[PDB]
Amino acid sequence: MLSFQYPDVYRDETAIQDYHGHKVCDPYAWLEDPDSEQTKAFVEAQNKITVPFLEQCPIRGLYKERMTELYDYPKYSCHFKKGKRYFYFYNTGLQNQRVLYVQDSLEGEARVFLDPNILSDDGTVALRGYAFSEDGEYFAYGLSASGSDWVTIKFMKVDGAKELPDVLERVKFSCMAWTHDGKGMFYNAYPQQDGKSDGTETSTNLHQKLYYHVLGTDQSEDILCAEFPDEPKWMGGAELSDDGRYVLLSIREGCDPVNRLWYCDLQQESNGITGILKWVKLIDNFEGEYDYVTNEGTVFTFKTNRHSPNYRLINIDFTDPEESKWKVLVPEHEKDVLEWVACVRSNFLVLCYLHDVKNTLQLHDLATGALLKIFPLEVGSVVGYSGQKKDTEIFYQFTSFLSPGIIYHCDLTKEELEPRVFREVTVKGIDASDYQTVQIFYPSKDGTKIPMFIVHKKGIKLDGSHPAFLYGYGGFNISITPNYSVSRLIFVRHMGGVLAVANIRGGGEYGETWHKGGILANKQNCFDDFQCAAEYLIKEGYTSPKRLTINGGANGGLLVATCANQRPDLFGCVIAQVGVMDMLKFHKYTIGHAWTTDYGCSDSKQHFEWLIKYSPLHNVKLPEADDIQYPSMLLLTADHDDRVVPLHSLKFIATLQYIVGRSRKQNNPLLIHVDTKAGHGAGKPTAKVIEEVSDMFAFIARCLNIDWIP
């Protein structure tokens, strides 16, 4: 079945580094250079064997035709009001990018306001971030090219959608916040650097600053408002309070949910914004999260996890700011995570909880924190919402495994609230009633109970005969909640698959303690939880090891790669997208220094000893047992992935092919695909998304010999 030869890849046997006394060889270190002829030649050599492997089977074209048919459904965001006008995003089904529309009212005709599809021939220029002026009359928007995290911020006057001269460069991980006087906007930029800044470089990003751009001026005139030259990893994002009076500055360092909170009372600036602001350092440590909700005069409401791993709402009065004086507006729940909170219609709060990995949505009184209204949802996720302090209505969008969006609307000026379906879409093609979603909790190695969702056709026999696609992430306090994926439903319907999503530790499903039980010294908990989910699916007869595929992206690509190394007997197929594979060196490149809050950093001997045991690059090993080989493996990455630089996947595949691929017992393929004009995933055009899932499922179908079910 393997009609190709792995390319010959030079090993630099002199690349030896001492970590705390332990010598580590890195013979493919030269792949760290994205611009060398050698690296480009390796990528071309790998794509040359991967592409014909994936395309050779007719199943890919059947999958792509079906994905193109079933993904072609209208997709909408919530409506949102800005000034006198409503806006929403909309895709007729297959456009590369969704289009921003504007209307003068809800019953009014809609016009195209911003169509990113016209900015490139191939849909690889995407909107990334935007901010309307407080009165809704002006509009700032970030554009990214080829999926790079780099952004150019541009500006428009809303009435007539008139392009303005203002352009801001060197923007990345940036806030966008206009002052309420309409004069100009806060944003973040990084200093000049040598070499490229287009997403193909690996250069570390440090010394991010906060600037204020005055509309109608050149970027060279912008005001430096905050900088941390003795703390190069600090990132300070600005936002205005709802009354326009205070700039709040959230300073982060790494990815934990914590921040400093400094404020500037703009009434106390003698001369407007002319230099470094008069910051009051309200919270001047990284012990807790303080996420601004609203304020009334000097009484600020924040969502926090300060001594509340499931999060709660507190009121901090700037004129009586000592911690013993804070008021607890909505106390922490014993188990449910308060995920986010919005203030709407002056004195309402909308609170979204996660209860056993499903959202609930509640309305509360701002003054007392009392529950006023439950917004009833089916089982799934709230994935979009609109409703700010000045608005008198909300919209929110619900999704699940089996249903594409429902958008709800509620007019909050009414004495008796009636939330109503505002928009619902139906995918013709899949009968949702043919499938079920179950949630179960399975004991991990240490006995901890882990949630997992399983989606399958009703009536199946649990005789172990079904291919399965098990997904995990496990990290960064990210919760993996139900979402509609027509790509995965094609696997169910047309490949007879079972889908599974394991809510392993490292995620935020059960708050900061869930997150803590899968980071740093406990990172191996994520892997053990994920391997246990696989053994549960096998033991319960959903699938068998040879029919089981696992998949994860980024930190989830680290998850599945490490699982391939640790339990190659457990999986038939592994797809790792944009994975972090070199755990010893991740912190050196672009923004990777920020991940040491989850992983640790190999500069410390203690952290090094955790990382070396699971780092995918350093744990490739031929299974000892004569009858065990590695699963079939496919790594997917792209040449502008400046979030997780692609050298991770390049070095990993070189190593798989050399150590495992060369052996006689290995007959499962070990392949990489590197895409062009794309990056970590955000803003990827629909045409590339379709190509990507087509590759994944053709790899699966070919590797497991799965028949298409028309």
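Residues carry their position along the shown sequence, with the first being 1.
Trainee: Report the stretch with the higher mean CA temperature factor, choosing between 417-425 and 181-189 on the basis of the entry.
Mentor: Taking the mean B-factor of the alpha carbons in each, 417-425 is higher.
Trainee: Quick one: higher average CA temperature factor, 575-583 or 273-281?
Mentor: Mean CA B-factor is higher for 273-281.
Trainee: Out of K523, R260, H593, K390, which residue has the highest Cα temperature factor in the PDB record?
Mentor: So the option with the highest C-alpha B-factor is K390.
Trainee: Out of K677, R643, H648, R664, which shows the largest CA B-factor listed in the entry?
Mentor: Of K677, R643, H648, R664, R664 has the highest C-alpha B-factor.
Trainee: Going by the entry, which third of its chain does the Cα temperature factor of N483 land in?
Mentor: Highest third of the chain for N483's C-alpha B-factor.
Trainee: Ranking every modelled residue in this chain by its Cα temperature factor as given in the entry, which third contains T597?
Mentor: Lowest third.
Trainee: If you rank the chain by CA B-factor, which third does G160 end up in: lowest, middle or highest?
Mentor: Its C-alpha B-factor belongs to the highest third of this chain's values.
Trainee: Is the Cα B-factor recorded for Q46 in the lowest, middle or highest third of its chain?
Mentor: It falls in the bottom third of the chain.
Trainee: Can you tell me whether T39 has a C-alpha B-factor in the lowest, middle or highest third compared with the other modelled residues of the same chain?
Mentor: Its C-alpha B-factor belongs to the middle third of this chain's values.
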